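What follows is one structure encoded as C-alpha cells, with my remarks underneath.
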Amino acid sequence: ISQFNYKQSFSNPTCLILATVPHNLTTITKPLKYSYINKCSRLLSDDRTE
Amino acid sequence: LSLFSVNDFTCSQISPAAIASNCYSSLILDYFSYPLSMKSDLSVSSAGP
C-alpha cells in the first residue's frame with residue numbers, strides 16, 4: 001500500500017495518524033470498500049522487459 | 001522456414017515476429033506427420049476429431 005499507493009515524505013517532518021469516524025459524526029460518507037493498488041508496473045515495447 | 005516450404009503459417013494469441021524478437025523462457029517444438037488436405041481439421045482448439 002505504501003509502495004504503490006501513498007508514501008509519506010522522509011525529508012519533511014511527517015506524522016502518520018490512523019483514525020476511525022465516530023457514529024455521531026455523519027458528515028463523512030463510508031466508501032463501498034477500502035481500495036488500494038497491490039502493484040503498478042510498465043511493460044516495455046519489446047514485451048521482454050517489464 | 002527455409003528448410004520446409006510453409007503451406008500454412010498461423011499463430012494464436014501471439015505474433016510470429018514477436019516470438020522471434022522476444023527471448024523465450026522455454027521453447028516447445030512439436031513435429032508430426034499430417035495430411036495437407038485437412039488444413040481445417042488441424043486447429044489450436046476445434047470440435048474436429
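Just so we're on the same page: first chain in the C-alpha cells is A, next is B, and so on; residues restart at 1 for each chain, and ligands are numbered from 1 in the order they show up.
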Quick one: which chain A residues come within 8 Å of chain B, and what is the nearest atom pair for each with the distance in Å to one decimal, counting only C-alpha atoms, rows ordered by chain and ascending number, as a tab-separated table?
residue	atom	partner	partner_atom	distance
A:46	CA	B:22	CA	6.9
A:47	CA	B:22	CA	7.1
A:48	CA	B:22	CA	5.5
From a backbone DSSP assignment, name each residue in chain B labelled alpha helix (DSSP H), as a ChimeraX atom specification. /B:16-21
Do a neighbour search on range 38-43 of chain A at 10 Å with only C-alpha atoms, toss out local chain neighbours closer than 2 positions, and write the hits as a ChimeraX atom specification. /A:1-5,35-36,45-50
Would you save the residues of that selection, restricted to C-alpha atoms, as a PDB file, in the first residue's frame?
ATOM      1  CA  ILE A   1       0.000   0.000   0.000  1.00  0.00           C
ATOM      2  CA  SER A   2       2.874   2.433   0.797  1.00  0.00           C
ATOM      3  CA  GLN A   3       4.930   1.200  -2.220  1.00  0.00           C
ATOM      4  CA  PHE A   4       2.245   1.650  -4.939  1.00  0.00           C
ATOM      5  CA  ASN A   5      -0.408   3.978  -3.390  1.00  0.00           C
ATOM      6  CA  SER A  35      -9.343   0.029  -2.184  1.00  0.00           C
ATOM      7  CA  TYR A  36      -5.542   0.108  -2.796  1.00  0.00           C
ATOM      8  CA  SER A  45       7.501  -2.034 -26.210  1.00  0.00           C
ATOM      9  CA  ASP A  46       9.726  -5.154 -26.673  1.00  0.00           C
ATOM     10  CA  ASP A  47       7.441  -7.026 -24.146  1.00  0.00           C
ATOM     11  CA  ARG A  48      10.506  -8.993 -22.903  1.00  0.00           C
ATOM     12  CA  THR A  49      11.112  -6.292 -20.228  1.00  0.00           C
ATOM     13  CA  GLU A  50       8.627  -5.090 -17.540  1.00  0.00           C
TER      14      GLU A  50
END
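One finds CA of residue 8 in chain A at 27.4 Å from CA of residue 25 in chain A.
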